[PDB]
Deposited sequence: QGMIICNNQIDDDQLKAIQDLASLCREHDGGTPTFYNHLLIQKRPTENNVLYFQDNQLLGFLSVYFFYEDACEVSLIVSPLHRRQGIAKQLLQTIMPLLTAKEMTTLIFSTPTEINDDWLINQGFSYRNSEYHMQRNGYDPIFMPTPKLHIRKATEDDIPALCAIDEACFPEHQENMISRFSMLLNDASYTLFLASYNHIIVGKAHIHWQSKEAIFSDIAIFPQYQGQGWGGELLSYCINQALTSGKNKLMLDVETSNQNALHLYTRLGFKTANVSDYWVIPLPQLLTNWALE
């Protein structure tokens, strides 16, 4: 009649039940929390997943991801048909001993936008940022009659330029020599470099999977931005992926203002999911939820 499972690895039947519950939530809520499926199905060091069943139906799911030194990210969903019955409190109560054993001090929850804003505010959660999970599902290419840039695959010889771009455009990173040495020697990644008048102006990364292409780390030096070069470089990458037979092109954009999306949506990407991220000190959550 009620069952709580805690494990360190989602199996195939559980993943399908979680995916169906997330789809039911998406239909009512307009979006979902961010789940990291590749971590769900890995054998993780601790029992980070919590499943709640009632009469053989999955009604709640929580997972925690230990991304930071003293904080973790939590993805939590409860069936729309069974809310305000304390299922999320049960899920959180179940994972709490582990959060304590890891001495977590703050929790970061991903949430669909808008529907929770009023009570998250009133309970002292703090809005941090948003993430737009974007997909381009058409197969039609970008028509570019007047290309301005020369674009080629980056090689090991380009690592100083790649690092220079990264330093100028991604302050939140900081040991990129080793990383680029790994990316440039891995058949599943293609790094593209953009040049204008024989000067390197920016770069973009494609990660190839069996059926998808993922774009990331797109960057143009600040002094060179706002001329259309970033859009042309992304257009080039789209057209490469289309000739490679992937039927899904994806990318994620972390931003606190929607204006950043214009670059991607003008080239056919659409918002497959949006999550906001909200942070709370753990002792505070304990008291507000008992």
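Taken in order along the deposited sequence, the stretches absent from the coordinates are 175, 292-293.
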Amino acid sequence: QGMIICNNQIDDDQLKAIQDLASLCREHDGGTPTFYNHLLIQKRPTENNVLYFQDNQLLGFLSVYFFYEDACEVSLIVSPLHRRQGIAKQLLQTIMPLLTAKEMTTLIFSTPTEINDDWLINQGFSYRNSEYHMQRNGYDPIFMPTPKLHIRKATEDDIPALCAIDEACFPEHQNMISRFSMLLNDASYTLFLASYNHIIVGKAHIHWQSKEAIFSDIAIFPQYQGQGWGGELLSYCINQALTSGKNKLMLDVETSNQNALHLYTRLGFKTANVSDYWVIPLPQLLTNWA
From here on, numbers count along this sequence of modelled residues.
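Per the PDB record, of the two stretches 99-107 and 132-140, 99-107 carries the greater mean B-factor over its C-alpha atoms.
Higher average CA B factor: 61-69, of the stretches 61-69 and 28-36.
Residue set 85, 75, 155, 79: peak C-alpha B-factor at 85 (per PDB entry).
When the C-alpha B factors of 255, 247, 225, 240 are read from the deposited coordinates, the top value falls at 247. Residue 186: CA B factor lies in the middle third for its chain, per the PDB record.
Annotation for residue 270: C-alpha temperature factor in the lowest third relative to the rest of the modelled chain, per the entry.
The PDB entry assigns residue 11 a C-alpha temperature factor belonging to the highest third of its chain's modelled residues.
For residue 125, the recorded CA B-factor ranks within the middle third of the chain. Only modelled residues enter the ranking. Residue 42: CA B factor lies in the highest third for its chain, per the PDB record.
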